[PDB]
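One structure below.
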Amino acid sequence: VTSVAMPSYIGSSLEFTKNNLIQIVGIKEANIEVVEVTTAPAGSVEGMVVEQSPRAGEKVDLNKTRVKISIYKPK
């Protein structure tokens, strides 16, 4: 079975998170969706990962899972 635990990316930059998934975890670029969210916990920095699917430590299948990364982009 080619399923690993999802790293915790909350608080990291999008660039780090995307390239970690691709180069270290082995997720295909096609299976990463980036969404911008307008709200985030207090202290969040614009551009930072504030939510992720799968959640930290949950199963991610290297070929099946559609990874979703939410980035804080306030108005």
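Each chain in the structure tokens gets a letter, A, B and so on, in the order shown; residues start at 1 in every chain, and ligands are counted from 1 in the order they appear.
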
Q | Close residues, residue 67 of chain A itself excluded, 12 Å, only C-alpha atoms, min 5 positions apart in chain, as a VMD selection string | A | chain A and resid 6 to 7 9 17 to 18 21 to 22 25 to 35 51 to 56 58 to 62

Using only N, CA and C atoms, please write the residues we just selected to a file, as an mmCIF file, in the first residue's frame.
data_model
loop_
_atom_site.group_PDB
_atom_site.id
_atom_site.type_symbol
_atom_site.label_atom_id
_atom_site.label_comp_id
_atom_site.auth_asym_id
_atom_site.auth_seq_id
_atom_site.Cartn_x
_atom_site.Cartn_y
_atom_site.Cartn_z
ATOM 1 N N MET A 6 0.017 12.411 6.256
ATOM 2 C CA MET A 6 0.109 13.764 5.732
ATOM 3 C C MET A 6 0.930 14.645 6.675
ATOM 4 N N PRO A 7 1.976 15.311 6.183
ATOM 5 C CA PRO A 7 2.708 16.270 7.022
ATOM 6 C C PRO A 7 1.809 17.422 7.435
ATOM 7 N N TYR A 9 1.339 21.125 7.432
ATOM 8 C CA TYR A 9 1.852 22.291 6.730
ATOM 9 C C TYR A 9 1.349 23.615 7.284
ATOM 10 N N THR A 17 5.269 24.252 1.022
ATOM 11 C CA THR A 17 4.272 23.187 1.074
ATOM 12 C C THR A 17 4.126 22.483 -0.268
ATOM 13 N N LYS A 18 3.927 23.254 -1.340
ATOM 14 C CA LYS A 18 3.812 22.659 -2.669
ATOM 15 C C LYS A 18 5.042 21.830 -3.022
ATOM 16 N N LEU A 21 5.302 18.583 -0.897
ATOM 17 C CA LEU A 21 4.384 17.556 -1.391
ATOM 18 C C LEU A 21 4.926 16.892 -2.647
ATOM 19 N N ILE A 22 5.413 17.696 -3.580
ATOM 20 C CA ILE A 22 5.839 17.161 -4.872
ATOM 21 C C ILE A 22 7.157 16.411 -4.741
ATOM 22 N N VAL A 25 7.017 14.168 -0.496
ATOM 23 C CA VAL A 25 5.920 13.235 -0.243
ATOM 24 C C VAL A 25 5.621 12.390 -1.477
ATOM 25 N N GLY A 26 5.716 12.977 -2.665
ATOM 26 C CA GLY A 26 5.412 12.270 -3.890
ATOM 27 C C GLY A 26 4.016 12.481 -4.432
ATOM 28 N N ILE A 27 3.357 13.563 -4.049
ATOM 29 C CA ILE A 27 2.057 13.927 -4.592
ATOM 30 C C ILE A 27 2.269 14.580 -5.949
ATOM 31 N N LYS A 28 1.445 14.221 -6.921
ATOM 32 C CA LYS A 28 1.539 14.814 -8.246
ATOM 33 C C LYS A 28 0.941 16.214 -8.253
ATOM 34 N N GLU A 29 1.572 17.115 -8.987
ATOM 35 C CA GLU A 29 1.100 18.481 -9.090
ATOM 36 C C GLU A 29 -0.379 18.522 -9.466
ATOM 37 N N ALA A 30 -0.804 17.589 -10.306
ATOM 38 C CA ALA A 30 -2.202 17.542 -10.728
ATOM 39 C C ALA A 30 -3.156 17.312 -9.562
ATOM 40 N N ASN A 31 -2.687 16.702 -8.467
ATOM 41 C CA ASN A 31 -3.549 16.364 -7.338
ATOM 42 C C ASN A 31 -3.454 17.358 -6.173
ATOM 43 N N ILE A 32 -2.926 18.548 -6.412
ATOM 44 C CA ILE A 32 -2.851 19.595 -5.405
ATOM 45 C C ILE A 32 -3.704 20.763 -5.875
ATOM 46 N N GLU A 33 -4.730 21.092 -5.101
ATOM 47 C CA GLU A 33 -5.535 22.280 -5.327
ATOM 48 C C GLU A 33 -5.187 23.314 -4.269
ATOM 49 N N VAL A 34 -4.973 24.552 -4.706
ATOM 50 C CA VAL A 34 -4.694 25.677 -3.827
ATOM 51 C C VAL A 34 -5.908 26.582 -3.832
ATOM 52 N N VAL A 35 -6.440 26.859 -2.658
ATOM 53 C CA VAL A 35 -7.547 27.793 -2.532
ATOM 54 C C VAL A 35 -7.111 28.925 -1.618
ATOM 55 N N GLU A 51 -5.137 25.944 6.303
ATOM 56 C CA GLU A 51 -5.935 24.733 6.395
ATOM 57 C C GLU A 51 -5.444 23.751 5.343
ATOM 58 N N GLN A 52 -5.637 22.461 5.607
ATOM 59 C CA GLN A 52 -5.174 21.448 4.664
ATOM 60 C C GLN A 52 -6.093 20.241 4.692
ATOM 61 N N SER A 53 -6.218 19.596 3.535
ATOM 62 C CA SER A 53 -6.877 18.308 3.435
ATOM 63 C C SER A 53 -5.976 17.382 2.626
ATOM 64 N N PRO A 54 -5.646 16.188 3.127
ATOM 65 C CA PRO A 54 -6.017 15.613 4.427
ATOM 66 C C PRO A 54 -5.433 16.387 5.601
ATOM 67 N N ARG A 55 -5.995 16.205 6.784
ATOM 68 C CA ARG A 55 -5.457 16.919 7.928
ATOM 69 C C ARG A 55 -4.148 16.278 8.381
ATOM 70 N N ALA A 56 -3.393 17.021 9.190
ATOM 71 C CA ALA A 56 -2.064 16.578 9.600
ATOM 72 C C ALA A 56 -2.131 15.179 10.199
ATOM 73 N N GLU A 58 -3.098 12.397 8.873
ATOM 74 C CA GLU A 58 -4.073 11.501 8.287
ATOM 75 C C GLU A 58 -3.503 10.854 7.032
ATOM 76 N N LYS A 59 -4.165 9.788 6.588
ATOM 77 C CA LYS A 59 -3.689 9.018 5.448
ATOM 78 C C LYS A 59 -3.745 9.849 4.168
ATOM 79 N N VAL A 60 -2.679 9.807 3.383
ATOM 80 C CA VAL A 60 -2.713 10.374 2.044
ATOM 81 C C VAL A 60 -2.232 9.285 1.096
ATOM 82 N N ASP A 61 -3.044 8.977 0.087
ATOM 83 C CA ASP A 61 -2.687 8.003 -0.936
ATOM 84 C C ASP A 61 -1.967 8.729 -2.064
ATOM 85 N N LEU A 62 -0.758 8.272 -2.387
ATOM 86 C CA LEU A 62 0.117 9.034 -3.273
ATOM 87 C C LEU A 62 -0.433 9.165 -4.689
#

(Q) Just list as a list in words whatever in chain A DSSP marks as strand (DSSP E or B). (A)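 Listing strand (DSSP E or B) positions across chain A yields residues 3, 4, 5, 13, 32, 33, 34, 35, 36, 37, 48, 49, 50, 51, 52, 53, 59, 60, 61, 67, 68, 69, 70, 71 and 72 of chain A.
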
**Q.** residue 72 of chain A environment, 8 Å, only C-alpha atoms, sequence neighbours closer than 6 positions dropped, as JSON, numbers by chain
**A.** {"A": [36, 37, 38, 39, 40, 44, 45, 46, 47, 48, 49, 50]}

Go ahead and write the selection's residues with N, CA, C and O atoms as a compact mmCIF listing (two decimals), in the first residue's frame.
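And here's result_8.txt as it stands now:
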# COMPACT_ATOMS: atom_id res chain seq x y z
N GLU A 36 -7.67 30.11 -1.87
CA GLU A 36 -7.43 31.28 -1.05
C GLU A 36 -8.62 31.48 -0.12
O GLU A 36 -9.77 31.44 -0.57
N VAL A 37 -8.35 31.68 1.16
CA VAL A 37 -9.43 31.92 2.11
C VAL A 37 -9.22 33.30 2.71
O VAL A 37 -8.09 33.79 2.84
N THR A 38 -10.33 33.95 3.04
CA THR A 38 -10.31 35.33 3.49
C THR A 38 -10.19 35.46 5.00
O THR A 38 -9.87 36.56 5.48
N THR A 39 -10.41 34.39 5.75
CA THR A 39 -10.29 34.41 7.20
C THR A 39 -9.31 33.34 7.67
O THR A 39 -9.07 32.34 6.97
N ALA A 40 -8.76 33.55 8.85
CA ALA A 40 -7.75 32.66 9.41
C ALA A 40 -7.60 32.98 10.90
O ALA A 40 -7.98 34.06 11.34
N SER A 44 -2.24 34.94 11.85
CA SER A 44 -1.91 34.37 10.55
C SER A 44 -1.31 35.41 9.62
O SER A 44 -1.72 36.58 9.61
N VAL A 45 -0.33 34.98 8.83
CA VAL A 45 0.38 35.83 7.89
C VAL A 45 -0.21 35.61 6.51
O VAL A 45 -0.48 34.46 6.12
N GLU A 46 -0.42 36.69 5.76
CA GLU A 46 -0.87 36.57 4.37
C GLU A 46 0.09 35.69 3.57
O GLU A 46 1.31 35.87 3.63
N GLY A 47 -0.46 34.72 2.84
CA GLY A 47 0.33 33.76 2.10
C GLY A 47 0.60 32.46 2.83
O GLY A 47 1.16 31.54 2.23
N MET A 48 0.23 32.35 4.09
CA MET A 48 0.55 31.19 4.89
C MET A 48 -0.53 30.11 4.70
O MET A 48 -1.69 30.42 4.44
N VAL A 49 -0.12 28.85 4.78
CA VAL A 49 -1.07 27.74 4.81
C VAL A 49 -1.84 27.79 6.13
O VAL A 49 -1.23 27.78 7.21
N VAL A 50 -3.16 27.84 6.05
CA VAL A 50 -4.00 27.90 7.25
C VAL A 50 -4.95 26.73 7.36
O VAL A 50 -5.52 26.51 8.45

Q: Tell me, in Å to one decimal, how far atom CA of residue 19 of chain A is from atom CA of residue 41 of chain A.
A: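 Answer for the atom CA of residue 19 of chain A to atom CA of residue 41 of chain A separation: 24.1 Å.
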
(Q) Using only C-alpha atoms for the distances, tell me which of A:42, A:68, A:57, A:74 is nearest to residue 11 of chain A. (A)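 Ranked by minimum distance to residue 11 of chain A, first place goes to A:42.
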
Q) How many Å separate atom CA of residue 3 of chain A from atom CA of residue 24 of chain A? A) 13.5 Å

**Q.** Interatomic distance, atom CA of residue 10 of chain A to atom CA of residue 64 of chain A (Å, one decimal)
**A.**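 Atom CA of residue 10 of chain A sits 22.0 Å away from atom CA of residue 64 of chain A.
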